[PDB]
file final29.tsv (TSV, N, CA and C atoms)
chain	number	residue	atom	x	y	z
M	1	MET	N	104.22	155.35	119.54
M	1	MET	CA	105.61	155.20	119.14
M	1	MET	C	105.76	155.34	117.63
M	2	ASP	N	106.84	155.98	117.20
M	2	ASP	CA	107.10	156.19	115.78
M	2	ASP	C	107.86	155.00	115.19
M	3	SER	N	107.26	154.36	114.20
M	3	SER	CA	107.87	153.21	113.55
M	3	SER	C	108.73	153.64	112.36
M	4	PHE	N	109.58	152.73	111.89
M	4	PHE	CA	110.45	153.02	110.76
M	4	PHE	C	110.94	151.73	110.11
M	5	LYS	N	111.65	151.87	108.99
M	5	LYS	CA	112.18	150.72	108.27
M	5	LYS	C	113.67	150.90	107.98
M	6	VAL	N	114.36	149.79	107.75
M	6	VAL	CA	115.78	149.82	107.45
M	6	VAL	C	116.19	148.65	106.56
M	7	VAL	N	116.67	148.96	105.36
M	7	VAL	CA	117.10	147.93	104.42
M	7	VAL	C	118.62	147.86	104.33
M	8	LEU	N	119.16	146.67	104.52
M	8	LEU	CA	120.60	146.46	104.46
M	8	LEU	C	120.99	145.63	103.24
M	9	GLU	N	121.64	146.27	102.27
M	9	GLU	CA	122.06	145.59	101.06
M	9	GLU	C	123.58	145.66	100.90
M	10	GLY	N	124.21	144.49	100.80
M	10	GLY	CA	125.65	144.43	100.65
M	10	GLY	C	126.14	143.06	100.23
M	11	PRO	N	127.40	142.98	99.78
M	11	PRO	CA	128.01	141.73	99.34
M	11	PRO	C	128.25	140.76	100.50
M	12	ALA	N	128.85	141.27	101.57
M	12	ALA	CA	129.14	140.45	102.74
M	12	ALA	C	127.87	140.16	103.53
M	13	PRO	N	127.93	139.14	104.40
M	13	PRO	CA	126.79	138.73	105.23
M	13	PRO	C	126.47	139.76	106.31
M	14	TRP	N	125.44	139.47	107.11
M	14	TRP	CA	125.04	140.37	108.18
M	14	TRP	C	125.80	140.05	109.47
M	15	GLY	N	125.63	140.90	110.48
M	15	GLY	CA	126.30	140.69	111.74
M	15	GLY	C	125.38	140.88	112.93
M	16	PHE	N	124.13	140.43	112.79
M	16	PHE	CA	123.15	140.55	113.86
M	16	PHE	C	122.37	139.25	114.03
M	17	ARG	N	121.61	139.16	115.11
M	17	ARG	CA	120.81	137.97	115.40
M	17	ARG	C	119.36	138.35	115.68
M	18	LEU	N	118.51	137.33	115.81
M	18	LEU	CA	117.10	137.55	116.08
M	18	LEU	C	116.59	136.57	117.13
M	19	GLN	N	115.45	136.90	117.74
M	19	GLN	CA	114.86	136.04	118.76
M	19	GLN	C	113.35	136.27	118.85
M	20	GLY	N	112.70	135.54	119.76
M	20	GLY	CA	111.27	135.67	119.92
M	20	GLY	C	110.51	134.49	119.36
M	21	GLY	N	109.37	134.76	118.74
M	21	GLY	CA	108.56	133.69	118.17
M	21	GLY	C	107.08	134.03	118.14
M	22	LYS	N	106.60	134.45	116.98
M	22	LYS	CA	105.19	134.81	116.82
M	22	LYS	C	104.29	133.65	117.23
M	23	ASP	N	104.60	132.46	116.74
M	23	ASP	CA	103.81	131.27	117.06
M	23	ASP	C	103.68	131.10	118.57
M	24	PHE	N	104.71	131.50	119.30
M	24	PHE	CA	104.71	131.39	120.75
M	24	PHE	C	104.24	132.69	121.40
M	25	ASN	N	103.39	133.42	120.69
M	25	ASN	CA	102.86	134.69	121.19
M	25	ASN	C	103.99	135.59	121.68
M	26	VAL	N	105.16	135.47	121.05
M	26	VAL	CA	106.31	136.27	121.43
M	26	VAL	C	106.77	137.15	120.27
M	27	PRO	N	107.02	138.43	120.55
M	27	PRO	CA	107.47	139.40	119.55
M	27	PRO	C	108.89	139.13	119.09
M	28	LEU	N	109.20	139.53	117.86
M	28	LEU	CA	110.53	139.34	117.30
M	28	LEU	C	111.41	140.56	117.54
M	29	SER	N	112.68	140.32	117.83
M	29	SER	CA	113.63	141.40	118.08
M	29	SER	C	115.06	140.94	117.84
M	30	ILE	N	115.99	141.89	117.83
M	30	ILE	CA	117.40	141.58	117.62
M	30	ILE	C	118.05	141.06	118.89
M	31	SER	N	118.77	139.95	118.78
M	31	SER	CA	119.45	139.36	119.92
M	31	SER	C	120.82	139.99	120.14
M	32	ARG	N	121.60	140.09	119.06
M	32	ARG	CA	122.93	140.67	119.13
M	32	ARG	C	123.24	141.48	117.87
M	33	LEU	N	124.10	142.48	118.01
M	33	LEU	CA	124.48	143.33	116.89
M	33	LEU	C	125.92	143.81	117.03
M	34	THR	N	126.80	143.27	116.19
M	34	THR	CA	128.21	143.64	116.22
M	34	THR	C	128.39	145.14	116.00
M	35	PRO	N	129.38	145.73	116.68
M	35	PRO	CA	129.68	147.16	116.57
M	35	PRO	C	130.26	147.53	115.21
M	36	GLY	N	129.63	148.50	114.54
M	36	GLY	CA	130.09	148.93	113.24
M	36	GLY	C	129.93	147.85	112.18
M	37	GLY	N	129.07	146.87	112.46
M	37	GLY	CA	128.85	145.79	111.52
M	37	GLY	C	128.00	146.22	110.34
M	38	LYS	N	127.50	145.24	109.58
M	38	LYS	CA	126.67	145.52	108.42
M	38	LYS	C	125.34	146.15	108.84
M	39	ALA	N	124.61	145.45	109.70
M	39	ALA	CA	123.33	145.95	110.19
M	39	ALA	C	123.47	147.33	110.81
M	40	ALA	N	124.60	147.56	111.47
M	40	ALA	CA	124.86	148.85	112.11
M	40	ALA	C	124.87	149.98	111.09
M	41	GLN	N	125.40	149.69	109.90
M	41	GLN	CA	125.48	150.68	108.84
M	41	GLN	C	124.11	151.30	108.57
M	42	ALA	N	123.09	150.45	108.50
M	42	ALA	CA	121.73	150.92	108.25
M	42	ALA	C	121.19	151.72	109.43
M	43	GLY	N	121.69	151.41	110.62
M	43	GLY	CA	121.25	152.12	111.81
M	43	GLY	C	120.45	151.23	112.75
M	44	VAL	N	120.72	149.93	112.70
M	44	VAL	CA	120.02	148.97	113.55
M	44	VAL	C	120.76	148.76	114.86
M	45	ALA	N	120.00	148.57	115.94
M	45	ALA	CA	120.59	148.35	117.26
M	45	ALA	C	119.88	147.22	117.99
M	46	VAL	N	120.66	146.33	118.59
M	46	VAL	CA	120.11	145.20	119.33
M	46	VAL	C	119.06	145.66	120.34
M	47	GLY	N	117.90	145.01	120.31
M	47	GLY	CA	116.83	145.36	121.22
M	47	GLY	C	115.58	145.83	120.50
M	48	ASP	N	115.76	146.44	119.34
M	48	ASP	CA	114.64	146.93	118.55
M	48	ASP	C	113.59	145.83	118.35
M	49	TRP	N	112.37	146.24	118.02
M	49	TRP	CA	111.28	145.29	117.81
M	49	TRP	C	111.03	145.08	116.32
M	50	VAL	N	111.29	143.87	115.84
M	50	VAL	CA	111.10	143.54	114.44
M	50	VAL	C	109.61	143.47	114.09
M	51	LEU	N	109.25	144.03	112.95
M	51	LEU	CA	107.86	144.04	112.50
M	51	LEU	C	107.70	143.24	111.21
M	52	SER	N	108.71	143.30	110.35
M	52	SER	CA	108.68	142.58	109.09
M	52	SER	C	110.09	142.28	108.59
M	53	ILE	N	110.22	141.26	107.76
M	53	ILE	CA	111.52	140.88	107.21
M	53	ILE	C	111.46	140.74	105.69
M	54	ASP	N	112.50	141.22	105.02
M	54	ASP	CA	112.56	141.15	103.56
M	54	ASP	C	111.33	141.79	102.93
M	55	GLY	N	110.78	142.79	103.61
M	55	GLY	CA	109.60	143.46	103.10
M	55	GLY	C	108.33	142.65	103.29
M	56	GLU	N	108.37	141.71	104.23
M	56	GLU	CA	107.22	140.87	104.50
M	56	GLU	C	106.93	140.80	106.00
M	57	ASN	N	105.69	141.11	106.38
M	57	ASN	CA	105.29	141.09	107.78
M	57	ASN	C	105.71	139.78	108.44
M	58	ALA	N	106.37	139.90	109.59
M	58	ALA	CA	106.83	138.72	110.33
M	58	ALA	C	105.82	138.33	111.40
M	59	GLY	N	104.56	138.71	111.20
M	59	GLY	CA	103.52	138.39	112.16
M	59	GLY	C	102.89	137.03	111.90
M	60	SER	N	103.35	136.36	110.85
M	60	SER	CA	102.82	135.05	110.50
M	60	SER	C	103.91	133.98	110.54
M	61	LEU	N	105.16	134.43	110.66
M	61	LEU	CA	106.30	133.52	110.72
M	61	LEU	C	106.78	133.34	112.16
M	62	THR	N	107.50	132.25	112.40
M	62	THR	CA	108.02	131.97	113.73
M	62	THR	C	109.48	132.40	113.86
M	63	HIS	N	110.09	132.09	115.00
M	63	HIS	CA	111.48	132.44	115.24
M	63	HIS	C	112.40	131.82	114.19
M	64	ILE	N	112.35	130.50	114.09
M	64	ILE	CA	113.17	129.78	113.12
M	64	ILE	C	112.89	130.25	111.70
M	65	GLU	N	111.62	130.50	111.40
M	65	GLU	CA	111.22	130.96	110.08
M	65	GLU	C	111.78	132.35	109.79
M	66	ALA	N	111.73	133.22	110.79
M	66	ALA	CA	112.24	134.58	110.65
M	66	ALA	C	113.66	134.58	110.09
M	67	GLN	N	114.47	133.63	110.55
M	67	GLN	CA	115.85	133.52	110.09
M	67	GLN	C	115.91	133.21	108.60
M	68	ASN	N	115.22	132.15	108.19
M	68	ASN	CA	115.20	131.75	106.79
M	68	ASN	C	114.82	132.93	105.89
M	69	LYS	N	113.96	133.80	106.41
M	69	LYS	CA	113.52	134.97	105.65
M	69	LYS	C	114.69	135.89	105.33
M	70	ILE	N	115.63	135.98	106.26
M	70	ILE	CA	116.81	136.82	106.08
M	70	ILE	C	117.84	136.14	105.19
M	71	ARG	N	118.24	134.93	105.59
M	71	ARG	CA	119.23	134.17	104.83
M	71	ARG	C	118.79	134.00	103.38
M	72	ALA	N	117.48	133.93	103.17
M	72	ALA	CA	116.93	133.78	101.83
M	72	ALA	C	117.23	135.00	100.96
M	73	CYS	N	117.52	136.12	101.62
M	73	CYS	CA	117.82	137.36	100.91
M	73	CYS	C	118.82	137.11	99.79
M	74	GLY	N	118.63	137.79	98.66
M	74	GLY	CA	119.52	137.63	97.53
M	74	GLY	C	120.09	138.95	97.04
M	75	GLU	N	119.21	139.93	96.84
M	75	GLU	CA	119.62	141.24	96.37
M	75	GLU	C	119.76	142.22	97.54
M	76	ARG	N	118.69	142.35	98.32
M	76	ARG	CA	118.69	143.25	99.47
M	76	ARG	C	117.71	142.77	100.53
M	77	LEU	N	117.97	143.15	101.78
M	77	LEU	CA	117.11	142.77	102.89
M	77	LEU	C	116.46	143.99	103.53
M	78	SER	N	115.13	144.03	103.52
M	78	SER	CA	114.39	145.14	104.09
M	78	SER	C	113.68	144.72	105.37
M	79	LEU	N	114.13	145.26	106.50
M	79	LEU	CA	113.53	144.94	107.79
M	79	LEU	C	112.89	146.17	108.42
M	80	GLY	N	111.85	145.94	109.22
M	80	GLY	CA	111.16	147.04	109.87
M	80	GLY	C	111.26	146.98	111.38
M	81	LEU	N	111.65	148.09	111.99
M	81	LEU	CA	111.79	148.16	113.44
M	81	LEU	C	110.93	149.29	114.02
M	82	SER	N	110.78	149.29	115.34
M	82	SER	CA	109.98	150.31	116.01
M	82	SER	C	110.71	150.83	117.26
M	83	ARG	N	110.25	151.96	117.77
M	83	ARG	CA	110.85	152.56	118.95
M	83	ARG	C	110.43	151.81	120.21
M	84	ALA	N	111.36	151.04	120.77
M	84	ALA	CA	111.09	150.28	121.98
M	84	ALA	C	111.35	151.11	123.23
M	85	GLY	N	110.76	150.69	124.35
M	85	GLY	CA	110.94	151.41	125.60
M	85	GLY	C	111.82	150.66	126.58
M	86	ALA	N	112.98	151.23	126.89
M	86	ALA	CA	113.91	150.61	127.82
M	86	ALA	C	114.33	149.23	127.34
M	87	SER	N	114.49	149.08	126.03
M	87	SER	CA	114.89	147.81	125.45
M	87	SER	C	116.20	147.32	126.05
M	88	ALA	N	117.30	147.95	125.64
M	88	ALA	CA	118.62	147.57	126.14
M	88	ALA	C	119.68	148.56	125.68
M	89	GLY	N	120.94	148.28	126.01
M	89	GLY	CA	122.02	149.15	125.61
M	89	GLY	C	123.27	148.38	125.22
M	90	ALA	N	124.42	149.06	125.27
M	90	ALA	CA	125.69	148.43	124.92
M	90	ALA	C	126.86	149.37	125.21
M	91	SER	N	128.06	148.92	124.87
M	91	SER	CA	129.26	149.72	125.09
M	91	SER	C	130.16	149.71	123.86
M	92	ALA	N	130.76	150.86	123.57
M	92	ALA	CA	131.64	150.99	122.41
M	92	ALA	C	133.10	150.84	122.82
M	93	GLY	N	133.48	151.52	123.90
M	93	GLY	CA	134.85	151.45	124.37
M	93	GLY	C	135.31	150.03	124.60
M	94	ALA	N	134.39	149.17	125.02
M	94	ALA	CA	134.71	147.77	125.28
M	94	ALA	C	135.41	147.14	124.08
M	95	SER	N	135.01	147.55	122.88
M	95	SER	CA	135.60	147.02	121.66
M	95	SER	C	137.13	147.12	121.70
M	96	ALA	N	137.62	148.21	122.28
M	96	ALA	CA	139.06	148.43	122.39
M	96	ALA	C	139.75	147.24	123.04
M	97	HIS	N	139.09	146.65	124.04
M	97	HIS	CA	139.65	145.51	124.75
M	97	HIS	C	139.31	144.21	124.02
M	98	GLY	N	138.27	144.24	123.21
M	98	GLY	CA	137.86	143.06	122.46
M	98	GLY	C	136.63	142.41	123.05
M	99	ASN	N	135.78	143.21	123.68
M	99	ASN	CA	134.55	142.69	124.29
M	99	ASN	C	133.58	142.21	123.22
M	100	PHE	N	133.56	140.90	122.99
M	100	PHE	CA	132.68	140.32	121.99
M	100	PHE	C	131.83	139.20	122.60
M	101	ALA	N	130.95	138.62	121.80
M	101	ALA	CA	130.09	137.54	122.26
M	101	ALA	C	129.69	136.62	121.11
M	102	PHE	N	130.61	136.44	120.17
M	102	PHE	CA	130.36	135.58	119.01
M	102	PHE	C	131.20	134.31	119.08
M	103	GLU	N	130.55	133.18	119.34
M	103	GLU	CA	131.24	131.90	119.43
M	103	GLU	C	130.24	130.76	119.60
M	104	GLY	N	130.37	129.74	118.76
M	104	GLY	CA	129.47	128.60	118.84
M	104	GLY	C	128.04	128.96	118.50
M	105	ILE	N	127.87	130.03	117.72
M	105	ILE	CA	126.54	130.48	117.32
M	105	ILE	C	126.35	130.35	115.82
M	106	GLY	N	125.14	130.65	115.35
M	106	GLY	CA	124.84	130.56	113.94
M	106	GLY	C	123.42	130.10	113.67
M	107	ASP	N	122.90	129.26	114.56
M	107	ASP	CA	121.54	128.75	114.41
M	107	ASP	C	120.54	129.89	114.26
M	108	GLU	N	120.79	130.99	114.96
M	108	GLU	CA	119.91	132.15	114.90
M	108	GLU	C	120.62	133.34	114.27
M	109	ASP	N	121.95	133.35	114.35
M	109	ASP	CA	122.75	134.43	113.78
M	109	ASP	C	122.34	134.70	112.33
M	110	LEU	N	122.53	135.93	111.89
M	110	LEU	CA	122.19	136.32	110.53
M	110	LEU	C	123.32	137.11	109.88
call {"tool": "encode", "arguments": {"input": "final29.tsv", "output": "structure tokens"}}
result
Amino acid sequence: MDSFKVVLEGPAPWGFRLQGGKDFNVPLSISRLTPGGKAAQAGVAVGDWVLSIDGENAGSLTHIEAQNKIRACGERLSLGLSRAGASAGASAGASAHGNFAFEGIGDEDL
């Protein structure tokens, strides 16, 4: 699989989430990604497999830690993703109706 990187730098916050847990022998990946959001600008899509955060390998950090790595960002955030197989998908037209899933979240949101 061909790996790649994506750095998102901007004034406003991000609009994506993360999950998994290295400590729990679980890989890190994006939980949710708002349509046309900040992360989307860089070309990120929910489902991808996270390899590193803020230019630092996330193979030593846990789920909760992974978040702090992003929020800690000050100038720019550099994340690394890879080509996943049958990860997941989404819908764009749904936006027209207002198909969202953001509410009572934040603990993991970024």
call {"tool": "residues_around", "arguments": {"input": "final29.tsv", "residues": "residue 38 in chain M", "least_positions_apart": "3", "cutoff": "5 Å", "atoms": "all atoms listed in the file", "output": "PyMOL selection string"}}
result
chain M and resi 15+41-42
call {"tool": "residues_around", "arguments": {"input": "final29.tsv", "residues": "range 28-35 of chain M", "least_positions_apart": "4", "cutoff": "6.5 Å", "atoms": "only N, CA and C atoms", "output": "ChimeraX atom specification"}}
result
/M:15-22,40,45-51
call {"tool": "write_last_selection", "arguments": {"input": "final29.tsv", "atoms": "N, CA and C atoms", "output": "PDB file, in the coordinates of the input"}}
result
ATOM      1  N   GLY M  15     125.630 140.900 110.480  1.00  0.00           N
ATOM      2  CA  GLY M  15     126.300 140.690 111.740  1.00  0.00           C
ATOM      3  C   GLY M  15     125.380 140.880 112.930  1.00  0.00           C
ATOM      4  N   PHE M  16     124.130 140.430 112.790  1.00  0.00           N
ATOM      5  CA  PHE M  16     123.150 140.550 113.860  1.00  0.00           C
ATOM      6  C   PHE M  16     122.370 139.250 114.030  1.00  0.00           C
ATOM      7  N   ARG M  17     121.610 139.160 115.110  1.00  0.00           N
ATOM      8  CA  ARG M  17     120.810 137.970 115.400  1.00  0.00           C
ATOM      9  C   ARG M  17     119.360 138.350 115.680  1.00  0.00           C
ATOM     10  N   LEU M  18     118.510 137.330 115.810  1.00  0.00           N
ATOM     11  CA  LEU M  18     117.100 137.550 116.080  1.00  0.00           C
ATOM     12  C   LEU M  18     116.590 136.570 117.130  1.00  0.00           C
ATOM     13  N   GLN M  19     115.450 136.900 117.740  1.00  0.00           N
ATOM     14  CA  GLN M  19     114.860 136.040 118.760  1.00  0.00           C
ATOM     15  C   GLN M  19     113.350 136.270 118.850  1.00  0.00           C
ATOM     16  N   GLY M  20     112.700 135.540 119.760  1.00  0.00           N
ATOM     17  CA  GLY M  20     111.270 135.670 119.920  1.00  0.00           C
ATOM     18  C   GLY M  20     110.510 134.490 119.360  1.00  0.00           C
ATOM     19  N   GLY M  21     109.370 134.760 118.740  1.00  0.00           N
ATOM     20  CA  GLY M  21     108.560 133.690 118.170  1.00  0.00           C
ATOM     21  C   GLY M  21     107.080 134.030 118.140  1.00  0.00           C
ATOM     22  N   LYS M  22     106.600 134.450 116.980  1.00  0.00           N
ATOM     23  CA  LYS M  22     105.190 134.810 116.820  1.00  0.00           C
ATOM     24  C   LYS M  22     104.290 133.650 117.230  1.00  0.00           C
ATOM     25  N   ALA M  40     124.600 147.560 111.470  1.00  0.00           N
ATOM     26  CA  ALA M  40     124.860 148.850 112.110  1.00  0.00           C
ATOM     27  C   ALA M  40     124.870 149.980 111.090  1.00  0.00           C
ATOM     28  N   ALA M  45     120.000 148.570 115.940  1.00  0.00           N
ATOM     29  CA  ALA M  45     120.590 148.350 117.260  1.00  0.00           C
ATOM     30  C   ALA M  45     119.880 147.220 117.990  1.00  0.00           C
ATOM     31  N   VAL M  46     120.660 146.330 118.590  1.00  0.00           N
ATOM     32  CA  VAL M  46     120.110 145.200 119.330  1.00  0.00           C
ATOM     33  C   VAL M  46     119.060 145.660 120.340  1.00  0.00           C
ATOM     34  N   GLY M  47     117.900 145.010 120.310  1.00  0.00           N
ATOM     35  CA  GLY M  47     116.830 145.360 121.220  1.00  0.00           C
ATOM     36  C   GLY M  47     115.580 145.830 120.500  1.00  0.00           C
ATOM     37  N   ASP M  48     115.760 146.440 119.340  1.00  0.00           N
ATOM     38  CA  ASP M  48     114.640 146.930 118.550  1.00  0.00           C
ATOM     39  C   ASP M  48     113.590 145.830 118.350  1.00  0.00           C
ATOM     40  N   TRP M  49     112.370 146.240 118.020  1.00  0.00           N
ATOM     41  CA  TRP M  49     111.280 145.290 117.810  1.00  0.00           C
ATOM     42  C   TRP M  49     111.030 145.080 116.320  1.00  0.00           C
ATOM     43  N   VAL M  50     111.290 143.870 115.840  1.00  0.00           N
ATOM     44  CA  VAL M  50     111.100 143.540 114.440  1.00  0.00           C
ATOM     45  C   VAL M  50     109.610 143.470 114.090  1.00  0.00           C
ATOM     46  N   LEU M  51     109.250 144.030 112.950  1.00  0.00           N
ATOM     47  CA  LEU M  51     107.860 144.040 112.500  1.00  0.00           C
ATOM     48  C   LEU M  51     107.700 143.240 111.210  1.00  0.00           C
TER      49      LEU M  51
END
call {"tool": "atom_distance", "arguments": {"input": "final29.tsv", "atom1": "atom N of residue 91 in chain M", "atom2": "CA of residue 12 in chain M"}}
result
23.7 Å
call {"tool": "closest_residue", "arguments": {"input": "final29.tsv", "among": "M:106, M:5, M:11, M:83", "to": "residue 56 in chain M", "atoms": "only C-alpha atoms"}}
result
M:5
call {"tool": "residues_near_point", "arguments": {"input": "final29.tsv", "point": "(102.6, 132.1, 120.6)", "cutoff": "12 Å", "atoms": "only C-alpha atoms", "output": "PDB file with N, CA and C atoms, in the coordinates of the input"}}
result
ATOM      1  N   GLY M  20     112.700 135.540 119.760  1.00  0.00           N
ATOM      2  CA  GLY M  20     111.270 135.670 119.920  1.00  0.00           C
ATOM      3  C   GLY M  20     110.510 134.490 119.360  1.00  0.00           C
ATOM      4  N   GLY M  21     109.370 134.760 118.740  1.00  0.00           N
ATOM      5  CA  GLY M  21     108.560 133.690 118.170  1.00  0.00           C
ATOM      6  C   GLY M  21     107.080 134.030 118.140  1.00  0.00           C
ATOM      7  N   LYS M  22     106.600 134.450 116.980  1.00  0.00           N
ATOM      8  CA  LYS M  22     105.190 134.810 116.820  1.00  0.00           C
ATOM      9  C   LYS M  22     104.290 133.650 117.230  1.00  0.00           C
ATOM     10  N   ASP M  23     104.600 132.460 116.740  1.00  0.00           N
ATOM     11  CA  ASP M  23     103.810 131.270 117.060  1.00  0.00           C
ATOM     12  C   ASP M  23     103.680 131.100 118.570  1.00  0.00           C
ATOM     13  N   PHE M  24     104.710 131.500 119.300  1.00  0.00           N
ATOM     14  CA  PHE M  24     104.710 131.390 120.750  1.00  0.00           C
ATOM     15  C   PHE M  24     104.240 132.690 121.400  1.00  0.00           C
ATOM     16  N   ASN M  25     103.390 133.420 120.690  1.00  0.00           N
ATOM     17  CA  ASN M  25     102.860 134.690 121.190  1.00  0.00           C
ATOM     18  C   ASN M  25     103.990 135.590 121.680  1.00  0.00           C
ATOM     19  N   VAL M  26     105.160 135.470 121.050  1.00  0.00           N
ATOM     20  CA  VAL M  26     106.310 136.270 121.430  1.00  0.00           C
ATOM     21  C   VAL M  26     106.770 137.150 120.270  1.00  0.00           C
ATOM     22  N   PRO M  27     107.020 138.430 120.550  1.00  0.00           N
ATOM     23  CA  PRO M  27     107.470 139.400 119.550  1.00  0.00           C
ATOM     24  C   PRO M  27     108.890 139.130 119.090  1.00  0.00           C
ATOM     25  N   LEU M  28     109.200 139.530 117.860  1.00  0.00           N
ATOM     26  CA  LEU M  28     110.530 139.340 117.300  1.00  0.00           C
ATOM     27  C   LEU M  28     111.410 140.560 117.540  1.00  0.00           C
ATOM     28  N   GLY M  59     104.560 138.710 111.200  1.00  0.00           N
ATOM     29  CA  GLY M  59     103.520 138.390 112.160  1.00  0.00           C
ATOM     30  C   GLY M  59     102.890 137.030 111.900  1.00  0.00           C
ATOM     31  N   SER M  60     103.350 136.360 110.850  1.00  0.00           N
ATOM     32  CA  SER M  60     102.820 135.050 110.500  1.00  0.00           C
ATOM     33  C   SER M  60     103.910 133.980 110.540  1.00  0.00           C
ATOM     34  N   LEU M  61     105.160 134.430 110.660  1.00  0.00           N
ATOM     35  CA  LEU M  61     106.300 133.520 110.720  1.00  0.00           C
ATOM     36  C   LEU M  61     106.780 133.340 112.160  1.00  0.00           C
ATOM     37  N   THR M  62     107.500 132.250 112.400  1.00  0.00           N
ATOM     38  CA  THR M  62     108.020 131.970 113.730  1.00  0.00           C
ATOM     39  C   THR M  62     109.480 132.400 113.860  1.00  0.00           C
ATOM     40  N   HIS M  63     110.090 132.090 115.000  1.00  0.00           N
ATOM     41  CA  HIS M  63     111.480 132.440 115.240  1.00  0.00           C
ATOM     42  C   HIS M  63     112.400 131.820 114.190  1.00  0.00           C
TER      43      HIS M  63
END
call {"tool": "atom_distance", "arguments": {"input": "final29.tsv", "atom1": "CA of residue 76 in chain M", "atom2": "CA of residue 44 in chain M"}}
result
15.3 Å
call {"tool": "build_atoms", "arguments": {"input": "final29.tsv", "residues": "range 13-24 of chain M", "atoms": "N, CA, C and O atoms", "output": "short mmCIF file (atom, residue, chain, number, x, y, z; two decimals), keeping the file's coordinate frame"}}
result
data_model
loop_
_atom_site.label_atom_id
_atom_site.label_comp_id
_atom_site.auth_asym_id
_atom_site.auth_seq_id
_atom_site.Cartn_x
_atom_site.Cartn_y
_atom_site.Cartn_z
N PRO M 13 127.93 139.14 104.40
CA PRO M 13 126.79 138.73 105.23
C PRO M 13 126.47 139.76 106.31
O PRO M 13 127.15 140.78 106.43
N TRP M 14 125.44 139.47 107.11
CA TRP M 14 125.04 140.37 108.18
C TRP M 14 125.80 140.05 109.47
O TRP M 14 126.53 139.06 109.54
N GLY M 15 125.63 140.90 110.48
CA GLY M 15 126.30 140.69 111.74
C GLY M 15 125.38 140.88 112.93
O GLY M 15 125.78 141.42 113.96
N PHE M 16 124.13 140.43 112.79
CA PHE M 16 123.15 140.55 113.86
C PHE M 16 122.37 139.25 114.03
O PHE M 16 122.45 138.35 113.19
N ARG M 17 121.61 139.16 115.11
CA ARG M 17 120.81 137.97 115.40
C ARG M 17 119.36 138.35 115.68
O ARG M 17 119.02 139.52 115.78
N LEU M 18 118.51 137.33 115.81
CA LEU M 18 117.10 137.55 116.08
C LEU M 18 116.59 136.57 117.13
O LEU M 18 117.20 135.54 117.38
N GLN M 19 115.45 136.90 117.74
CA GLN M 19 114.86 136.04 118.76
C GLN M 19 113.35 136.27 118.85
O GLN M 19 112.79 137.07 118.11
N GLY M 20 112.70 135.54 119.76
CA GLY M 20 111.27 135.67 119.92
C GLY M 20 110.51 134.49 119.36
O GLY M 20 110.94 133.34 119.50
N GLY M 21 109.37 134.76 118.74
CA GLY M 21 108.56 133.69 118.17
C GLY M 21 107.08 134.03 118.14
O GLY M 21 106.39 133.92 119.15
N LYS M 22 106.60 134.45 116.98
CA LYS M 22 105.19 134.81 116.82
C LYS M 22 104.29 133.65 117.23
O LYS M 22 103.33 133.84 117.98
N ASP M 23 104.60 132.46 116.74
CA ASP M 23 103.81 131.27 117.06
C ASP M 23 103.68 131.10 118.57
O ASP M 23 102.66 130.62 119.06
N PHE M 24 104.71 131.50 119.30
CA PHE M 24 104.71 131.39 120.75
C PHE M 24 104.24 132.69 121.40
O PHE M 24 104.64 133.02 122.51
#
